[PDB]
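Values reported hereafter were calculated over all heavy atoms of this structure, with side chains retained and with hydrogens, waters and symmetry mates removed. Lettering follows sequence order; numbering is per chain, from 1.
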Amino acid sequence: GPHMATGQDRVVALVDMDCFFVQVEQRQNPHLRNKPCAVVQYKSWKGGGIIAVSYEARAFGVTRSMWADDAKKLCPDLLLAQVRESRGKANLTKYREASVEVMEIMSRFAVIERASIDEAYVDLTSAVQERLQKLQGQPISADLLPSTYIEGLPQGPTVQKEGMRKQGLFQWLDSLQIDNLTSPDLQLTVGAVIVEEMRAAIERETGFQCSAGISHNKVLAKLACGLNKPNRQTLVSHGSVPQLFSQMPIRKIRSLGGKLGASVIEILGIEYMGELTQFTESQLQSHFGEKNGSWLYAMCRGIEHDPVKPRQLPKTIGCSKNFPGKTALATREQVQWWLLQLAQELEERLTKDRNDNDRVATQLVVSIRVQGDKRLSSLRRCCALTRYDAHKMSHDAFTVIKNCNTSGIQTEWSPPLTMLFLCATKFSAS
DNA sequence: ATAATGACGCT
DNA sequence: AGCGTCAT
Ligand SMILES: Cc1cn([C@H]2C[C@H](O)[C@@H](COP(=O)(O)OP(=O)(O)OP(=O)(O)O)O2)c(=O)[nH]c1=O
Ligand SMILES: [Ca+2]
Ligand SMILES: [Ca+2]
């Protein structure tokens, strides 16, 4: 009825950089531009692990987590750039810094939530309402939306991609309710215009291309974003949700890509996101818990309330290294030395962080993984972080994990460690 | 023998 | 406090 909330109160975008580490390497090395190429860490073992893949290389079947030697088998022309290595581990500084370039530019338009090294949510509600004043009911030209897809359109009465895009946009714009400043669809459309500008600015000032989703909440925006990649943006309207969700595999919806998603599928005996509508909120709550049941009930109707959190800086700073199989650390001296290598990178980055962002970390968290254990972390322990000093931090870290050592001989370490992880947390202003 | 990161929920 | 889930 008239008391039915429709989740159309906000305009929310998610921006995501196209094959981000590859673009960073391609900006720096013009030889890699418009070529099949990939970013790889380490190179001794099977040519290194691939962690990012240009879209040209994707067309050959090259994927993440592939060994580089295996990728060459699919794509013999594949060009590689390798991650900087410092102190025997990967060093992602180039990408973190590239990330800051993009984030500060987006920050110029609106409050952003940094969702990863190359993704940000944008709450555009205020900017849209303001822009809606700039245009005194003035119709929105197709030319303000040159890279925008309208999900679900064209419908009813062209054989190439751009032809379809435009026909969809035209059908959308022709039906638009422009003399109504409260029309959710109009707000989204104005939201999409701004995101075009934001994306133009990002490309102009960094050289980096990205894709974006624009919708009424974060989950739909994130979904919308992946529908037309690379270098394009997608508007997903509230109206588009029933058809879109009608064949949308549950695992595609953010937070449903793991075990909860799988149990939703198994317990309810369904496949697609829209099928969730046929259950009461109480039923969903009984199967998955109050919080999940409530969230599921709203979400399958395109309604979600998770706000864009005003946070542009990460809340933790960490360094980890895995030591798979034969490389697992087996002596005290190895464990101490690698904790030191981790502590040294951490200290550089913390000192940087303290000068840039006026804050200090107050807690050190130490995480290890023992051989045979499938879990990410075998064990987590903490101590105070009182000095940005590598030798102290590495020493304290050893102290809080050292009795995990089950070995009879003091110089030996067992069970061998397959991962070391140090993370600085609990920042206070400074 | 993917990695190296991150955010947050549950108890 | 410490472990588990989900994501890039
Ligand atoms: C998913 C993932 C990404 N990354 C890095 C490399 C990616 O370039 C970057 C962001 O990842 P994604 O956004 O997941 O991937 P992408 O940018 O490479 O490609 P797409 O265009 O499909 O978005 O972070 C990892 O190091 N490990 C990972 O598991
Ligand atoms: Ca990306
Ligand atoms: Ca991403």
For the pair made of [atom1] in [X] and [atom2] in [N], what is the distance, rounded to whole Å?
| X | N | atom1 | atom2 | answer |
| --- | --- | --- | --- | --- |
| A:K46 | B:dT2 | NZ | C1' | 11 Å |
| A:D118 | C:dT8 | CG | P | 9 Å |
| A:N91 | B:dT5 | CG | P | 8 Å |
| A:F20 | C:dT8 | CZ | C1' | 12 Å |
| A:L376 | B:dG6 | CG | P | 13 Å |
| A:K315 | B:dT5 | NZ | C1' | 16 Å |
| A:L422 | B:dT5 | CG | P | 11 Å |
| A:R84 | B:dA3 | CZ | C1' | 18 Å |

Once you apply a heavy-atom cut-off of 4.0 Å, does [X] come out as touching a base, just sugar-phosphate, or nothing?
| X | value |
| --- | --- |
| A:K326 | nothing |
| A:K321 | sugar-phosphate |
| A:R64 | base |
| A:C319 | sugar-phosphate |
| A:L92 | sugar-phosphate |
| A:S116 | sugar-phosphate |
| A:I50 | base |
| A:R349 | sugar-phosphate |

inquiry  = Please report the distance separating the P of B:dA1 from the corresponding atom of C:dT8, rounded so that it comes out in whole Å.
reply    = 24 Å
Can you find a side chain N or O atom of [X] that sits less than 4.0 Å from OP1 or OP2 on [N]?
| X | N | result |
| --- | --- | --- |
| A:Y42 | B:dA4 | yes |
| A:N322 | B:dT2 | no |
| A:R381 | C:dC3 | yes |
| A:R254 | B:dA7 | no |
| A:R96 | B:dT5 | yes |
| A:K89 | B:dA3 | no |
| A:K309 | B:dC8 | yes |

note = The nucleotide from B:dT5, B:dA7, C:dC6 with an atom nearest the side chain of A:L260 is C:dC6
task = Just compare C:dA7, B:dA1, B:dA7 and give me whichever is closest to any side-chain atom of A:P324.
result = B:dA1
Donor-acceptor pair between [X] and [Y] side chains, under 3.5 angstrom:
| X | Y | answer |
| --- | --- | --- |
| A:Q26 | A:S54 | no |
| A:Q233 | A:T148 | yes |
| A:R232 | A:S211 | no |
| A:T418 | A:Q371 | no |

message = I'd like to know if A:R354 and A:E347 make a salt bridge, using a cut-off of under 4.0 Å between side-chain N and carboxylate O.
response = no
remark   = By nearest-heavy-atom nucleotide on DNA chain B, the more 5' of A:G325 and A:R114 is A:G325
request  = By nearest nucleotide on DNA chain B, pick out whichever of A:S320 and A:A52 is the more 5' one.
outcome  = A:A52
ask   = Would the A:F288 and A:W295 ring centres measure less than 6.0 Å apart?
value = no
key: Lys NZ or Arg CZ of A:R58 over A:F60 ring: under 6.0 Å, within 45°   = no
ask   = Starting at the 5' end of DNA chain C and moving along, which residue's nearest nucleotide shows up first, A:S377 or A:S255?
value = A:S377
